[PDB]
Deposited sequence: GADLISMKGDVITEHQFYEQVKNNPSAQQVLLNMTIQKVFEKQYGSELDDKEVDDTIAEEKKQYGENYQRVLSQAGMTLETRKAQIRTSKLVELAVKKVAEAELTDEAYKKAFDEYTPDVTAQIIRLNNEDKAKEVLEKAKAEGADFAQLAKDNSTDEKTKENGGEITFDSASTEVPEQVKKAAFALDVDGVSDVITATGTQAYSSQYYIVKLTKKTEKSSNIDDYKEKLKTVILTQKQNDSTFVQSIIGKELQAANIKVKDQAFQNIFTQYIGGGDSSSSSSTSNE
């Protein structure tokens, strides 16, 4: 109950709460706790722990020895960050499930009209931007071998061996969004500009293009993936899903200090 003690006085946990409740950073914590509980009740039994555990494991490799430090500077630990990813994946799972159910034929067609089928291309991934520009000037030379440039310079171990080559749709998650839209904009044998997506630098050469069908029926599972991704990144949709899940949980704010921050949702 006592947080701090001194000569002739103490600070209690409740005294600490009564001061800190007006802090906007602390108000955000109660909002995020409420989003966690509501979404845990609704979709927590549907979300596997392996979905969270793989992502927190994935994130630990990206930072490595800096991971303990950066979390402590943000005021977090292994558990609190795990809860944050879990919360984020519960909202995403809810957006996925509500979107899936609302998939219309009129929706499938809109995606179908803007869809692109398999496109083979040679991609070179880079770290240094000075290298990326130096690789690009070589790629536009008279008899420039794009394959050897990929073999010599590219960081991507999987495509590096095969002269940077890769095949992908609009629905592929294995290549970035900015990289794909650059690839579809090119003519065949066209080399892209330096595409950017502690970030990564890409150059793409368009090799092949495949014909798209009239019949939508065979592209159903891939158009589904495009529409879901669009809904995952439509913030107006994501905020509605949060708002509607909170309204369905029937949250009552007991202390009036936290009344305004829930107004966006309630």
Which runs of the deposited chain sequence never show up in the coordinates? 1, 199-204, 274-287
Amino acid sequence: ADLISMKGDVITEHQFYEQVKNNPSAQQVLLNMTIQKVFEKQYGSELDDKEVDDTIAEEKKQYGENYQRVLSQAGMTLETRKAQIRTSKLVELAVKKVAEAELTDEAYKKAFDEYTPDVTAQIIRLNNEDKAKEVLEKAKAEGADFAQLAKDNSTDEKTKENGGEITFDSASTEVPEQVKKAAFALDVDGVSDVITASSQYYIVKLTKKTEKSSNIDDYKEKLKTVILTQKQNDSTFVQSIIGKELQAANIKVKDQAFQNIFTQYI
From here on, numbers count along this sequence of modelled residues.
With B-factors read from the PDB entry, the higher C-alpha mean of 18-26 and 247-255 is in 247-255
Higher average CA B factor in the deposited record is what I'm after, so tell me if that's 165-173 or 137-145. 137-145
Among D218, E211, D234, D53 - the residue whose C-alpha B-factor is largest in the record: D218
From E59, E40, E46, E65, pick the one with the largest CA B-factor in the entry? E65
Sorting by Cα B-factor within the chain, modelled residues only, which third would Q178 end up in: lowest, middle or highest? highest
Binned into thirds over the chain's modelled residues, the C-alpha B-factor of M33 lands in the lowest
Per the entry's values, where does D130 land by CA temperature factor relative to the rest of its chain, in the lowest, middle or highest third? highest
Mind checking which third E92 falls in for C-alpha B-factor across the chain? lowest
Taking the C-alpha B-factors as the PDB entry records them, is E100 in the lowest, middle or highest third of its chain? lowest
